[PDB]
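Take a look at the structure set out below.
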Amino acid sequence: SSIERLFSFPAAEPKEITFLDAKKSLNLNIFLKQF
Amino acid sequence: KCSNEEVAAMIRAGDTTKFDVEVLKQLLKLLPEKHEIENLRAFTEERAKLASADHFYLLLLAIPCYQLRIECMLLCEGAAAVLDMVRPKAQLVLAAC
Amino acid sequence: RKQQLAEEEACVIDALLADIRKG
Amino acid sequence: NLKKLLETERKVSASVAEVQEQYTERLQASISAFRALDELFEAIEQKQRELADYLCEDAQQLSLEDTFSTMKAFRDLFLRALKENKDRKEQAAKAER
Amino acid sequence: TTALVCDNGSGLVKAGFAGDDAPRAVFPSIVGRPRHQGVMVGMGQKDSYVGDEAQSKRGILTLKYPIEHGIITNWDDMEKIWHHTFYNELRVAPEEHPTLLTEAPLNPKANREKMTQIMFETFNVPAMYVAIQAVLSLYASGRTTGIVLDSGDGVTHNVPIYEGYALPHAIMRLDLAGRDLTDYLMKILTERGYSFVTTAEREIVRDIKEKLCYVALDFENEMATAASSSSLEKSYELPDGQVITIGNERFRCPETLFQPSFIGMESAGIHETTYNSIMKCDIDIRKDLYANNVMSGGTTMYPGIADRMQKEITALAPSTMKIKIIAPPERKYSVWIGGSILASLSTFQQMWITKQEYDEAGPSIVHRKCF
Amino acid sequence: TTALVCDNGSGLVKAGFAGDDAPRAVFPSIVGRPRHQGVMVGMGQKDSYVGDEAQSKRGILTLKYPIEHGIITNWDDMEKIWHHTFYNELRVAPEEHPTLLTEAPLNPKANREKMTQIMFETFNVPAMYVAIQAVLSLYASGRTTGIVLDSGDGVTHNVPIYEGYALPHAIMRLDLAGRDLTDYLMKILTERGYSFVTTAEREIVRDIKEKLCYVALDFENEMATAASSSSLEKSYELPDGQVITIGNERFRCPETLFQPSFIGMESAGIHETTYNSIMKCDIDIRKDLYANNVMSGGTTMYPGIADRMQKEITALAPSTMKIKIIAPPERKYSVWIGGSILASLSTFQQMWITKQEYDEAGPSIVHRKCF
Amino acid sequence: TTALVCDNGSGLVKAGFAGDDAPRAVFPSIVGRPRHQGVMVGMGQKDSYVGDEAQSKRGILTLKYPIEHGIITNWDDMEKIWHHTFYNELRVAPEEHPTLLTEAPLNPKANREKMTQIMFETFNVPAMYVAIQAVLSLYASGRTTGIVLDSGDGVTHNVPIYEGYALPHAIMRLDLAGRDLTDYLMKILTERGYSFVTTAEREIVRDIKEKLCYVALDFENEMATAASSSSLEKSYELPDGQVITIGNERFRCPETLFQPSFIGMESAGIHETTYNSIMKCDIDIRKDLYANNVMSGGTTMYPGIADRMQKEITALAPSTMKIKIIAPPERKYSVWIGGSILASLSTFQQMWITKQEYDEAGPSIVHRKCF
Ligand SMILES: Nc1ncnc2c1ncn2[C@@H]1O[C@H](COP(=O)(O)OP(=O)(O)O)[C@@H](O)[C@H]1O
Ligand SMILES: Nc1ncnc2c1ncn2[C@@H]1O[C@H](COP(=O)(O)OP(=O)(O)O)[C@@H](O)[C@H]1O
Ligand SMILES: Nc1ncnc2c1ncn2[C@@H]1O[C@H](COP(=O)(O)OP(=O)(O)O)[C@@H](O)[C@H]1O
Ligand SMILES: [Mg+2]
Ligand SMILES: [Mg+2]
Ligand SMILES: [Mg+2]
């Protein structure tokens with residue numbers, strides 16, 4: 001019974017408005033991070 | 001690290017303290033050849049004038065039938081090593097079965 | 001080396017062990 | 001080794017007595033020990049045939065080394081299963097605590 | 001759900017939440033056990049003391065360090081360390097909080113196996129990750145390129161990274177840090193007359209090392225200065241009221257990092273380890289490694305180490321390079337801080353080892369997920 | 001006069017006479033210096049141990065290898081190595097004996113300059129030659145044509161020869177051999193818990209690699225077999241009495257020869273080096289390079305490497321043509337053996353660099369007289 | 001000119017010339033001062049008594065040990081000790097004899113400063129030297145490699161040496177020896193009804209410890225044997241005629257060497273100290289260390305200690321090593337006897353600290369010249 005129990009097959013934020021593109025914003029966010 | 005007479009007397013005695021497998025294998029690889037023995041018995045002059053190489057071969061040839069003694073000494077040491085490595089393994093295989 | 005070749009062809013332990021037996 | 005020791009015993013027995021009185025007892029002891037090793041190998045063959053009839057394999061096809069490697073890996077799996085079940089029981093005990 | 005960062009250092013456990021600047025629980029990792037005969041019955045006489053309680057009552061306790069050179073030897077003691085830092089210090093349930101853990105590189109894998117098994121079955125978290133300390137120190141530095149020397153209480157390791165790419169063949173490990181400096185200070189404080197033998201006196205010798213010692217700019221000139229005049233001699237007060245004064249041992253003790261042969265180790269110093277880790281890299285990044293020498297850990301907190309470290313690298317490097325040691329004034333907790341930015345990173349949320357992945361793959365996915 | 005052959009490789013100096021079968025003096029090339037404080041006085045405490053004495057007494061010594069990737073870095077150490085292999089091992093006078101030294105191709109020229117100058121002015125000979133090791137391995141193989149892969153302790157180099165003609169543009173050098181395998185095995189034995197950091201422990205890891213490691217025929221199936229069951233695990237006994245047992249590191253360690261990216265090298269494996277060395281030649285000889293793949297060096301002494309490299313080249317070569325690896329049982333000493341036939345050759349006696357020609361031409365004849 | 005060897009131990013001064021079995025003056029290092037009212041006039045009353053004269057009249061004296069745990073506290077008493085062992089015990093002038101002195105390891109340097117200053121200004125010598133006791137013990141053992149456990153009356157130290165090279169990081173010091181065993185025997189003789197509180201009674205307790213005590217092979221079995229039947233009980237007679245009988249205290253007293261928690265001390269026993277000093281060494285020499293254990297000093301003179309120490313180390317060491325302990329019958333004075341070895345050596349004549357070198361360098365050259 002325990003073998004049949006175990007080893008059976010289972011039954012089947014506000015919007016940040018920006019005038020810039022994404023790449024320049026992420027490059028500036030990388031650039032301002034190290035300060 | 002000793003004189004040649006000690007080596008020849010220890011080969012004649014058959015003592016196996018510092019004669020392992022490799023030294024006797026080297027000793028078998030340098031065996032005195034036929035023309036070497038024929039040149040050594042043809043020597044009549046003073047013994048001290050010749051080299052140590054001739055001195056070792058004459059001290060070795062002084063022993064009657066040196067080569068059988070060297071080979072059985074090597075084979076006895078090798079047979080002891082083969083027995084010590086195989087017999088507990090064979091007993092382990094029999095005990096495992 | 002040439003002048004060397006020219007010039008050629010031409011105990012603590014027992015002392016202490018003796019005196020340890022005096023005490 | 002036994003063939004070399006038997007050839008060595010035949011060579012010593014044809015030689016002079018000075019070789020014989022020093023070496024024949026060691027040659028005889030080595031030959032007797034290797035003969036006892038050969039009946040030990042024959043006992044290993046008899047247990048191998050009994051194991052092949054035991055495990056229901058062919059006698060000519062059964063390899064003892066593969067069987068012992070299977071037993072070694074099975075014993076390692078046995079110990080790993082025992083430790084994993086013991087850790088599972090312990091972690092269930094601490095979870096209940 | 002807020003994440004947990006728990007730097008399990010060899011000498012100090014630093015644990016705390018994500019998004020915070022200062023680590024919430026910084027306390028030494030010691031398990032105390034009483035070695036004397038208790039005669040007063042009752043009044044809560046515990047069989048073990050963990051943390052600051054072991055520190056305050058250390059005069060009747062044998063203190064055991066569960067972590068030795070980054071490898072956890074005693075595991076029931078380290079389970080007590082984790083139980084104390086989860087339930088008593090931070091006072092949080094571990095089963096409702098992800099927990100980033102730190103690790104020295106070139107650690108035996110069975111340590112990572114047993115930490116993964118304990119953190120998934122004893123203190124069963126939703127998720128945990130085993131990171132590398134030098135990468136977190138580079139996170140707290142804020143830059144991307146650089147070589148990181150991390151020196152703690154057991155492990156001093158050098159890891160170089162260029163543009164977020166570590167070089168695993170260039171990572172170097174040395175088992176020489178602040179515990180070895182403390183034991184060397186014990187060996188050399190016996191010269192002046194002060195004897196410290198017990199593990200209770202280890203905290204006193206460690207406190208003397210933290211308060212008074214400093215790194216010499218030039219070793220031989222400082223030895224001549226201390227030998228000539230007693231101006232470098234400084235005083236300290238013991239808990240039993242005795243006043244000690246030390247001279248050359250102020251700078252003989254941290255000099256073992258630059259000269260390992262004081263404690264009988266064949267390895268070279270941390271400056272030569274840094275220079276060899278630089279020269280094990282590819283050539284074009286090496287200049288970018290020279291201007292970004294990041295130094296972290298509490299062992300690099302002596303107030304003379306940056307100038308000496310710059311002097312040694314400037315001696316080792318060619319003269320057309322600007323050596324710049326990045327030694328921040330708060331470099332003691334930078335591993336935890338970079339763990340806090342990494343735990344608060346939005347891209348890190350897909351890299352956690354979950355409970356379900358552990359149940360599918362056994363305790364072996366931590367080799368195949370972590371670095 | 002008999003001649004001397006001295007393969008002065010990175011790891012093991014193999015020296016002996018001419019016309020002999022086996023190299024008489026085989027010993028590793030290390031200079032050992034003490035690193036502790038000697039308290040006993042008398043009974044001959046030497047400051048430098050060379051050869052087997054450095055191996056026997058290695059527990060108090062720092063061992064330095066004077067040769068790194070075929071290029072001699074420390075020259076006084078190599079002077080002591082040559083002094084030991086002439087005066088103490090062979091017990092010969094170099095002033096009355098010719099000498100054939102071995103050299104890897106694509107070596108810096110000033111290394112050859114210093115070999116010529118020290119060999120002609122410290123151990124001044126009647127004659128000396130510097131040969132390529134792969135040509136001597138083809139001499140040992142007993143055939144005229146073939147591609148030779150030599151792999152010592154520092155250099156794995158491929159040289160193809162057809163009917164006596166080496167193609168110099170097809171010669172390739174890879175600085176990856178048994179020392180890098182030893183260092184990678186020191187890196188990966190730390191996973192199982194065994195820590196090896198000193199130069200003396202490199203010899204123990206080298207003995208582990210020589211005694212237990214083998215080349216897998218298929219890497220992924222062997223990793224799956226070692227991960228599934230512990231049948232591939234094998235045990236070894238350390239000199240302190242501890243017994244180790246290793247698994248996949250038996251065949252992960254020699255896999256760096258076929259996968260150089262394990263230690264961070266960009267270059268391809270030895271099979272791709274052999275195939276590119278064949279493909280760089282002219283077309284009509286390439287068939288004769290497929291059937292005569294001569295192997296040499298001690299790195300190719302693992303008992304799984306010939307079938308593996310046959311499988312890799314047979315995958316790489318066109319299928320209408322036979323691949324045959326020439327792997328002799330004595331391929332460890334084949335550089336010395338082919339040096340012994342070449343030293344005993346009658347036609348070689350005009351190709352010696354005599355002392356008179358050295359005095360006339362300076363140390364510059366070795367660029368134009370040798371290869 | 002014959003040299004002088006003067007082992008100034010914590011308990012017994014052993015002094016004499018060079019090259020003797022027994023030291024010529026073996027006497028305890030006590031200075032006696034009277035504590036009662038002297039009512040008789042004249043009859044040779046002395047204000048102080050040194051040596052066996054203080055031992056004879058010990059009932060009316062307070063005895064002071066100037067050396068405690070290898071560190072000399074009272075210096076005028078130590079000057080009286082040196083004046084008595086020069087002018088009365090040996091009856092030789094100190095101005096015409098070089099004097100080798102012994103020293104415990106990890107001694108405070110000011111002790112060396114003060115013995116150098118007193119030996120060069122009060123008992124001014126041609127030369128003097130300060131040496132380590134374990135090196136002399138290894139000299140008297142007649143070997144070169146091995147680990148030495150010295151155990152006198154204040155200091156028990158372990159020093160491992162391989163081929164004449166001591167390892168200073170592996171030297172261990174333990175302040176537990178026969179004075180602490182005498183105090184513990186005073187503590188446990190109070191159980192059976194016998195009280196010993198004065199310093200004169202310390203000699204009686206030390207005599208009981210010397211004569212009757214022994215080391216048990218198995219502790220708990222001997223507890224069961226002593227508790228069950230009174231076969232182990234032995235008798236002793238005091239000088240006033242009283243008779244005492246002791247049982248388990250015969251083998252509870254030396255057990256503090258193998259179990260230091262009896263007198264309340266955190267550090268481990270002498271066999272764990274020996275094992276940890278072995279494992280602090282490099283890995284290749286330990287097999288030479290296990291077969292060459294050396295015990296010296298009077299504390300290892302119990303007739304059960306070698307078999308017990310063999311059992312404990314064979315429990316600690318792996319089973320493939322032969323634990324051989326050298327325990328000669330002459331080991332009570334072997335620290336002196338190896339001092340007879342070193343002072344008679346021809347290679348030791350250039351290492352003495354002469355008068356002139358002291359005159360330029362002050363009393364500070366003894367640090368740079370000695371160990
Ligand atoms: N002000 C200080 N000066 C010198 N050393 C210090 C100072 N503070 C702490 N340390 C040392 O640094 C260690 C703590 O380092 P830590 O940052 O915890 O590294 P890890 O987490 O790897 O243990 C302590 O063991 C201590 O010896
Ligand atoms: N039986 C072996 N099995 C595997 N590797 C070996 C074996 N013997 C030697 N080696 C490895 O190969 C090298 C020997 O090659 P060799 O050409 O003699 O090197 P070298 O000449 O530079 O000393 C050694 O460094 C060793 O690591
Ligand atoms: N036969 C013995 N059995 C047991 N203990 C002894 C014996 N002889 C001496 N001792 C003890 O060993 C101690 C060490 O002796 P020793 O090394 O001569 O002391 P020190 O040299 O430091 O004065 C002494 O204090 C003595 O009590
Ligand atoms: Mg840390
Ligand atoms: Mg080679
Ligand atoms: Mg003493």
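Labels used: A, B, ... for chains in the order of the structure tokens, numbers from 1 for residues in each chain, and numbers from 1 for ligands as shown.
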Please find the residues of chain B near chain D - the criterion being any atom within 7 Å, counting only C-alpha atoms - and write them as a PDB file with N, CA and C atoms, in the first residue's frame.
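Saved result, result.pdb, follows:
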```
ATOM      1  N   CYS B  72      69.066 -16.598  -8.874  1.00  0.00           N
ATOM      2  CA  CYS B  72      68.177 -17.180  -7.870  1.00  0.00           C
ATOM      3  C   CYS B  72      67.984 -16.237  -6.695  1.00  0.00           C
ATOM      4  N   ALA B  79      60.085 -13.568  -5.728  1.00  0.00           N
ATOM      5  CA  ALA B  79      59.067 -14.528  -5.310  1.00  0.00           C
ATOM      6  C   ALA B  79      58.491 -14.174  -3.946  1.00  0.00           C
ATOM      7  N   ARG B  87      49.125 -13.384  -2.093  1.00  0.00           N
ATOM      8  CA  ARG B  87      48.460 -14.286  -1.141  1.00  0.00           C
ATOM      9  C   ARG B  87      47.396 -13.648  -0.222  1.00  0.00           C
ATOM     10  N   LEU B  94      38.889 -15.306  -1.998  1.00  0.00           N
ATOM     11  CA  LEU B  94      38.234 -16.521  -1.503  1.00  0.00           C
ATOM     12  C   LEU B  94      37.256 -16.230  -0.364  1.00  0.00           C
ATOM     13  N   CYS B  97      34.174 -14.566  -1.939  1.00  0.00           N
ATOM     14  CA  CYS B  97      33.302 -15.557  -2.568  1.00  0.00           C
ATOM     15  C   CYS B  97      32.552 -16.390  -1.533  1.00  0.00           C
TER      16      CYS B  97
END
```
Legend entry - Near-ligand residues for ligand 6, threshold 7 Å, only C-alpha atoms and all ligand atoms, as a ChimeraX atom specification: /G:9-11,151-153,155,297
Limited to N, CA and C atoms, could you put the picked residues into a file as an mmCIF file, in the first residue's frame?
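part-v7.cif, freshly written:
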```
data_model
loop_
_atom_site.group_PDB
_atom_site.id
_atom_site.type_symbol
_atom_site.label_atom_id
_atom_site.label_comp_id
_atom_site.auth_asym_id
_atom_site.auth_seq_id
_atom_site.Cartn_x
_atom_site.Cartn_y
_atom_site.Cartn_z
ATOM 1 N N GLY G 9 66.522 24.919 36.081
ATOM 2 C CA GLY G 9 65.121 24.564 36.027
ATOM 3 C C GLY G 9 64.312 25.236 37.120
ATOM 4 N N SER G 10 62.989 25.078 37.007
ATOM 5 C CA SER G 10 62.081 25.620 38.013
ATOM 6 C C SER G 10 62.221 24.900 39.347
ATOM 7 N N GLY G 11 62.468 23.596 39.319
ATOM 8 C CA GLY G 11 62.610 22.837 40.542
ATOM 9 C C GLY G 11 64.036 22.567 40.959
ATOM 10 N N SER G 151 59.396 18.176 30.073
ATOM 11 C CA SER G 151 58.482 18.443 31.181
ATOM 12 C C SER G 151 59.312 18.467 32.461
ATOM 13 N N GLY G 152 59.623 19.667 32.939
ATOM 14 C CA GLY G 152 60.400 19.815 34.151
ATOM 15 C C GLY G 152 59.529 19.993 35.374
ATOM 16 N N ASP G 153 59.661 21.137 36.045
ATOM 17 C CA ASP G 153 58.854 21.440 37.213
ATOM 18 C C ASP G 153 57.927 22.629 37.006
ATOM 19 N N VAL G 155 57.649 24.064 33.364
ATOM 20 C CA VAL G 155 57.400 24.193 31.931
ATOM 21 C C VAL G 155 57.323 22.804 31.308
ATOM 22 N N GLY G 297 63.050 15.170 31.070
ATOM 23 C CA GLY G 297 62.625 15.773 32.312
ATOM 24 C C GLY G 297 62.170 14.746 33.335
#
```
Skipping near chain neighbours, those fewer than 2 positions away, what residues fall within 8 Å of residue G:277 using only C-alpha atoms, listed as a PDB file with N, CA and C atoms, in the first residue's frame?
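Output file around31.pdb follows:
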```pdb
ATOM      1  N   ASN G 158      56.664  21.289  23.815  1.00  0.00           N
ATOM      2  CA  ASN G 158      56.833  20.398  22.678  1.00  0.00           C
ATOM      3  C   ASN G 158      57.501  21.153  21.539  1.00  0.00           C
ATOM      4  N   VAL G 159      58.625  20.616  21.065  1.00  0.00           N
ATOM      5  CA  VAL G 159      59.398  21.189  19.957  1.00  0.00           C
ATOM      6  C   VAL G 159      59.680  20.111  18.913  1.00  0.00           C
ATOM      7  N   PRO G 160      59.194  20.255  17.678  1.00  0.00           N
ATOM      8  CA  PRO G 160      59.559  19.309  16.616  1.00  0.00           C
ATOM      9  C   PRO G 160      60.684  19.813  15.722  1.00  0.00           C
ATOM     10  N   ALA G 170      55.471  25.697  15.247  1.00  0.00           N
ATOM     11  CA  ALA G 170      54.935  24.475  15.829  1.00  0.00           C
ATOM     12  C   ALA G 170      55.366  24.250  17.274  1.00  0.00           C
ATOM     13  N   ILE G 171      56.149  25.160  17.859  1.00  0.00           N
ATOM     14  CA  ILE G 171      56.548  25.030  19.256  1.00  0.00           C
ATOM     15  C   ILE G 171      55.361  25.355  20.155  1.00  0.00           C
ATOM     16  N   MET G 172      55.072  24.468  21.112  1.00  0.00           N
ATOM     17  CA  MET G 172      53.963  24.687  22.031  1.00  0.00           C
ATOM     18  C   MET G 172      54.452  24.656  23.470  1.00  0.00           C
ATOM     19  N   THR G 273      48.693  17.784  22.899  1.00  0.00           N
ATOM     20  CA  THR G 273      49.700  18.790  22.559  1.00  0.00           C
ATOM     21  C   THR G 273      50.760  18.219  21.623  1.00  0.00           C
ATOM     22  N   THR G 274      51.169  16.967  21.865  1.00  0.00           N
ATOM     23  CA  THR G 274      52.110  16.267  20.993  1.00  0.00           C
ATOM     24  C   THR G 274      51.522  16.041  19.604  1.00  0.00           C
ATOM     25  N   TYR G 275      50.254  15.606  19.547  1.00  0.00           N
ATOM     26  CA  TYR G 275      49.588  15.356  18.270  1.00  0.00           C
ATOM     27  C   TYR G 275      49.363  16.641  17.477  1.00  0.00           C
ATOM     28  N   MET G 279      50.766  17.685  13.788  1.00  0.00           N
ATOM     29  CA  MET G 279      49.971  18.116  12.633  1.00  0.00           C
ATOM     30  C   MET G 279      50.189  19.576  12.244  1.00  0.00           C
ATOM     31  N   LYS G 280      50.835  20.385  13.087  1.00  0.00           N
ATOM     32  CA  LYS G 280      51.231  21.717  12.642  1.00  0.00           C
ATOM     33  C   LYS G 280      52.438  21.687  11.713  1.00  0.00           C
ATOM     34  N   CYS G 281      53.189  20.588  11.691  1.00  0.00           N
ATOM     35  CA  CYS G 281      54.334  20.461  10.804  1.00  0.00           C
ATOM     36  C   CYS G 281      53.882  20.201   9.369  1.00  0.00           C
TER      37      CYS G 281
END
```
Inset, instruction - Please give me, as a PyMOL selection string, the residues lying within 12 Å of ligand 5 when counting only C-alpha atoms and all ligand atoms. - result: chain F and resi 6-15+26+28-29+67+69-70+101-105+131-134+136-137+149-157+177-178+295-300+331-337+339
Legend entry - Interface, chain G side, toward chain F (8 Å; only C-alpha atoms) as a ChimeraX atom specification: /G:135,162,164-168,282-287,318-321,347-348,371
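Interatomic distance, atom CA of residue E:199 against atom CA of residue E:31: 11.4 Å.
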